[PDB]
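Taking the form solved without the ligand, here's one chain by itself in structure tokens.
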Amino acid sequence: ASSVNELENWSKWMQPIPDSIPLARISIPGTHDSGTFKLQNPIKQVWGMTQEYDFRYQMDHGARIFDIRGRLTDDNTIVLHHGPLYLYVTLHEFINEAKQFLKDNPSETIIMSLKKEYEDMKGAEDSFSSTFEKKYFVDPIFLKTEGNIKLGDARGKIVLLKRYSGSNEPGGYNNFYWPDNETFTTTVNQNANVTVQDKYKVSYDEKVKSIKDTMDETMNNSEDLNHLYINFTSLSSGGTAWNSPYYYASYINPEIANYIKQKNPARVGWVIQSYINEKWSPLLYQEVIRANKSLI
């Protein structure tokens, strides 16, 4: 909690950050459609795959925010989906990976975004929200405290970012507006504000400008601890060819990695990327973590 060299430890990078820092102010790497790593079917993967490695690999690479999309099944369980595609991964499977990681690295915390991706199965007993809260959320690893959550209250726990309607259990970040395919601003709570850049399905040129534009706003608003900045660098279009999330990401990641590197900002916000790996040159996630040196 003193050396900047400690941010270079991908599994324990949150250790140096002061306990009093709200998670909002922290620059955190995230993964888009985190549970698509099992899609190995050639045609399914050219449209649905946004990750090639599992949850643990992702976390061991500094990722601390996970984009979870679920669906209520007959068996009254929540499984992971990408549209109408069952990903061969379950919500329990994710929560268990998160627990092991937090057991080994108690200094860390993981933010889980939960969204209803597909319509509930016909024979379901309860609704998506009630099912998730009665069977999962009730688990102790879930932080039940709200407001502008500090890193201290989050260590060893899973912080929930609600992207589902109809919640009845307090805890984490409340659900807000979130319009389709665009960048917007709203409020989470009385003591918080949100700016999200979620322009999936858009031109590469418009996409890159969007990311950078949102990243400039957070750079110049670095000391505003009451403002949440979520920046999705992922881009999806017509697959089958080099228009896949992998193709765009092979350019977008190093590009934004450099952008962050050159500017040397004190805050870049929460950056949710596709294909977290070690292939691309400057490494986006690593640069994002480094921008936290100002907090050390």
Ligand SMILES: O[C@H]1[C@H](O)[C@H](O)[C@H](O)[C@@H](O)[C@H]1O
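The first residue of the sequence shown is number 1, and the count goes up from there.
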remark   = Taking the deposited Cα B-factors and averaging over 116-124 and over 210-218, the higher mean is found in 116-124
task = Could you check the entry and say whether 46-54 or 62-70 has the higher mean CA B-factor?
result = 46-54
note = Of the residues 103, 81, 92, 162, the one whose Cα carries the largest B-factor in the deposited record is 103
ask   = Which of these has the highest Cα B-factor in the record: 109, 77, 96, 190?
value = 190
query = Hey, what third does residue 178 fall into on Cα B-factor, ranked over its chain?
reply = middle
Chain-wide C-alpha B factor ranking for residue 147, given as lowest, middle or highest third = highest
task = Using the B-factors in the PDB entry, rank residue 31's C-alpha atom against the chain and give the third, lowest, middle or highest.
result = lowest
inquiry  = Which third, lowest, middle or highest, does the C-alpha temperature factor of residue 1 belong to within its own chain?
reply    = highest
task = Determine, from the deposited record, the chain-internal third of the Cα B-factor for residue 198: lowest, middle or highest.
result = lowest
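What follows is about the form deposited with the ligand bound, which we do not show.
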message = Let me test this: is every residue among 115, 163 and 200 within 4.5 Å of the ligand in the bound PDB entry, going by heavy atom positions?
response = yes
task = Check whether residue 267 has any heavy atom within 4.5 Å of a heavy atom of the ligand in the bound PDB entry, and answer yes or no.
result = no
ask   = Is residue 64 close to the ligand in the bound PDB entry, meaning a heavy atom pair under 4.5 Å apart or at it?
value = no
ask   = According to a 4.5 angstroms non-hydrogen atom cut-off, is residue 223 in contact with the ligand in the bound PDB entry?
value = no
ask   = Would residue 213 count as touching the ligand in the bound PDB entry under a 4.5 Å heavy atom rule?
value = no
query = Among 74, 104, 119, 180, which has at least one heavy atom within 4.5 Å of the ligand in the bound PDB entry?
reply = 180
ask   = Going by heavy atoms within 4.5 Å, which of 168-176, 151-159, 192-200, 134-142 lines up against the ligand in the bound PDB entry?
value = 192-200
